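Worksheet for the structure shown next.
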Amino acid sequence: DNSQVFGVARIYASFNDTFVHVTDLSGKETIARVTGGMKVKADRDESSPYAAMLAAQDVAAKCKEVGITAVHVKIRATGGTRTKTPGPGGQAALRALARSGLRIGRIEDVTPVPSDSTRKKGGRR
RNA sequence: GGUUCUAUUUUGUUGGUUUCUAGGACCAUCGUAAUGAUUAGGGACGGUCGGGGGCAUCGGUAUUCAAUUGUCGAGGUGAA
């Protein structure tokens, strides 16, 4: 209904999850599809870029009803849902958008990056 | 007994002239003969650099908490 011709998307990609939403050019959503929303949860068997491509592709089905052309992605973290490889999966979503009738606008890396990169130890909550 | 005059020396005091001696303030230059390529200390004037200091403000990103919308499972690990 909205017919917002471009919009942003943050690709969240933690170790188990790879949902892909695609919002408009202002902020409010219209469509997000979860990894569990693509039927699977089995914790260890959630990692790879291969099953993560399917969850990110079912986004395009309901995104059709609005009609977003250029999806401008912001990748946060790297992981996804698995059928094969343990480890990365955030590269999956970019392939899903590119294979559908949706277009890529720009690729941005939007991560909380510290200066020195360790795991934290030393101080409160 | 001593007085008086004259000459000389010494001590104190005063004045003109001649000659000689102490003491106080401030500043220039570094010459050459006795260890041999020496501007050794403090700055004033005029430009200049820096995350040196303390305080008072201000801005941005990320995280967390609280409230509200759209949307249904996640987080961890070598497996758990």
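In the structure tokens, the first chain shown is A, the next is B, and so on; residue numbers restart at 1 for each chain, and ligands run from 1 in the order shown.
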(Q) Show me, as a ChimeraX atom specification, every residue of chain A with an atom at most 10 Å from chain B, counting only C-alpha atoms (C1' of nucleotides). (A) /A:14-17,21,23,28-37,41,43-44,111-114,125
(Q) DSSP on the backbone: which residues in region 2-117 of chain A end up as strand (DSSP E or B)? Give the answer as a list in words. (A)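 Selecting the strand (DSSP E or B) positions of region 2-117 of chain A gives residues 6, 7, 8, 9, 10, 11, 12, 20, 21, 32, 33, 70, 71, 72, 73, 74, 75, 76, 103, 104, 105, 106, 107, 108 and 109 of chain A.
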Q: Could you pull out the residues in region 25-88 of chain A that DSSP calls alpha helix (DSSP H) from the backbone, as an MDAnalysis selection string?
A: chainID A and resid 52:55 59:63
Produce a file of the selected residues containing N, CA and C atoms, as a PDB file, in the first residue's frame.
```pdb
ATOM      1  N   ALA A  52      20.232 -19.511   5.726  1.00  0.00           N
ATOM      2  CA  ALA A  52      20.047 -18.105   6.014  1.00  0.00           C
ATOM      3  C   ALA A  52      19.639 -17.300   4.800  1.00  0.00           C
ATOM      4  N   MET A  53      19.883 -17.844   3.587  1.00  0.00           N
ATOM      5  CA  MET A  53      19.527 -17.215   2.338  1.00  0.00           C
ATOM      6  C   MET A  53      18.036 -17.329   2.098  1.00  0.00           C
ATOM      7  N   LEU A  54      17.404 -18.417   2.600  1.00  0.00           N
ATOM      8  CA  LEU A  54      16.001 -18.715   2.403  1.00  0.00           C
ATOM      9  C   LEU A  54      15.145 -17.809   3.254  1.00  0.00           C
ATOM     10  N   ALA A  55      15.528 -17.589   4.536  1.00  0.00           N
ATOM     11  CA  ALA A  55      14.818 -16.730   5.466  1.00  0.00           C
ATOM     12  C   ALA A  55      14.771 -15.299   4.978  1.00  0.00           C
ATOM     13  N   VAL A  59      11.317 -12.606   2.702  1.00  0.00           N
ATOM     14  CA  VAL A  59      11.112 -11.193   2.943  1.00  0.00           C
ATOM     15  C   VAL A  59      10.494 -10.533   1.732  1.00  0.00           C
ATOM     16  N   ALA A  60      10.994 -10.888   0.525  1.00  0.00           N
ATOM     17  CA  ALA A  60      10.614 -10.312  -0.746  1.00  0.00           C
ATOM     18  C   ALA A  60       9.175 -10.579  -1.139  1.00  0.00           C
ATOM     19  N   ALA A  61       8.543 -11.623  -0.552  1.00  0.00           N
ATOM     20  CA  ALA A  61       7.193 -12.042  -0.856  1.00  0.00           C
ATOM     21  C   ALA A  61       6.156 -11.042  -0.388  1.00  0.00           C
ATOM     22  N   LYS A  62       6.286 -10.548   0.862  1.00  0.00           N
ATOM     23  CA  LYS A  62       5.369  -9.596   1.457  1.00  0.00           C
ATOM     24  C   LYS A  62       5.857  -8.179   1.197  1.00  0.00           C
ATOM     25  N   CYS A  63       7.170  -7.992   0.911  1.00  0.00           N
ATOM     26  CA  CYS A  63       7.756  -6.713   0.533  1.00  0.00           C
ATOM     27  C   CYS A  63       7.220  -6.232  -0.805  1.00  0.00           C
TER      28      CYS A  63
END
```
**Q.** Polymer residues at most 12 Å from residue 91 (chain A), only C-alpha atoms (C1' of nucleotides), same-chain spacing of 6 or more positions, as a PyMOL selection string
**A.** chain A and resi 11-14+18+20+47-53+56+73-81+97-98+107+109
